[PDB]
Structures are given as C-alpha cells and as structure tokens.
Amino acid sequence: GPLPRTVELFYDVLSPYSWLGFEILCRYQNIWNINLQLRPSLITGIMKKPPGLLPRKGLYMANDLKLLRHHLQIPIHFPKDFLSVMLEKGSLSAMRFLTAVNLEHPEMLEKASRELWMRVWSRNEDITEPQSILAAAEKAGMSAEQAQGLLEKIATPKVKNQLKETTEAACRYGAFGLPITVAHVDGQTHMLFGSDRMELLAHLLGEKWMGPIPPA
C-alpha cells in the first residue's frame, strides 16, 4: 500500500506542552498511516521578563494545564516549587540519555520519554541526577544493565553531537520553541507548533480526527 507519512516530533521533557502533543501523537501512531519519528531535542539550543509578580501568561498556563489534564486524560501537574528551579536545573542529562536510547534501543524511546515526563511533570521528581534517570529507565522496562550502559554514554561525543544535530534540525524547521511537529505529506513539509494543532495535522494528512483520545 501507499507509504506512511513521516511525522517528526521534536520535544524536550522540560516542556509540559511537549508531553501533551507527544501523547496525542502516540495515540494515533497505529491509527493513521504515519511513521511517527521521535526527535529528542534541547530547548536551550533553540530559545533565542515581565516585572509583575504573577504574569498573565503564567496564570494562563497554570489554568490551561488544569483543563488539559482532564481534556487529554494525562496526569500533568504543575510543580510544587518554582518553575524557575526546574528550568534552571535543566534537562541536559535526560535529553542526552534519550538521545542514547534513540541510537541504541529506539523501541524503548517512547516509554523512556514518558517516564521522564512522569517524573518532572507529574510527580515533581528530579531528572538531573543519575539515579533519577536510571529510575525512569527501569520503570520504562529497561534492565538495570541496559539502563546503566546507556547512562554511561550520555557524555560521549556521538551522543552529544546527535542531540545538537537534532536540535539544529528543529531550528532549521523554524522552531522558536517546543514542541514542533513536522509532517512530510503531499510533497510539502509543514511545521506545527504546540499541542493544539493535531486536528490541523489530521487534515494535512487526510486522516480522520477523533479528538485527543481516539477509540480503540
């Protein structure tokens, strides 16, 4: 039959909306005729303040994630401590780990990514310490040795360069933030920003949109 359309998702586990778009795409990956390609990326390679105590956009995000938790049925929870803190700690080791997973055991990438989001954006757990990464990896179903082997590659030139190259690809697609979803279909390439454009994606693909929680 006709070849599946490649849909690339560029994401960083530090991004709440990246998780939301990720889950919607994963839900459609065996329904639509697509080749979902996960692209672990680093927001700090892309991103190029209000004096008010409680900025309007910050309030909006807090309210929005509350609604989207229910709408998408994803257990996303705003962190108990300052967002600034999670963000300052960063996701470098985590994204390098996911890059290593992509290179060695791509079939584990989806669950590994989900488990890291579950730490940072569901349970408010650290994702910068080695033990933290390993905990997520083992929850994803990786063996301790497998996870430890991948952990040891986080700082290798190959993994560091792959993450840079993937992040650069996002930039070349016009990314000003994550997530971006890139569909290659009908002889064109389309970049969509955020988690709220999946119905438009469906239309680009000529596929049926059944909402953020499609049936069996």
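The first residue of the shown sequence is 1; numbering continues from there.
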Item checked: Between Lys48 and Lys49 - deposited residues without coordinates, as a size class -> 4 to 9
Notebook entry, point to check: Between 83-91 and 112-120, which has the higher average C-alpha B-factor in the PDB entry?
Noted result: 83-91
Item checked: Selected stretch [higher average CA B-factor]: 72-80 or 130-138 -> 130-138
Next item on the list: Sort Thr167, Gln188, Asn30, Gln37 by C-alpha B-factor from the entry and give me just the highest.
Entry: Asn30
Check: Whose C-alpha has the highest temperature factor in the PDB entry: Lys66, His184, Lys158, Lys57?
Finding: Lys158
Next item on the list: Could you tell me which third, lowest, middle or highest, the C-alpha B-factor of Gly211 occupies within its chain?
Entry: lowest
Margin query: Looking at the temperature factor on the CA atom of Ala147, which third of the chain's modelled residues does it land in?
Written below: highest
Next item on the list: Could you look up the Cα B-factor of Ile43 in the entry and say which third of the chain it sits in: lowest, middle or highest?
Entry: lowest
Notebook entry, point to check: Relative to the other modelled residues in the chain, which third contains the C-alpha temperature factor of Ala175: lowest, middle or highest?
Noted result: lowest
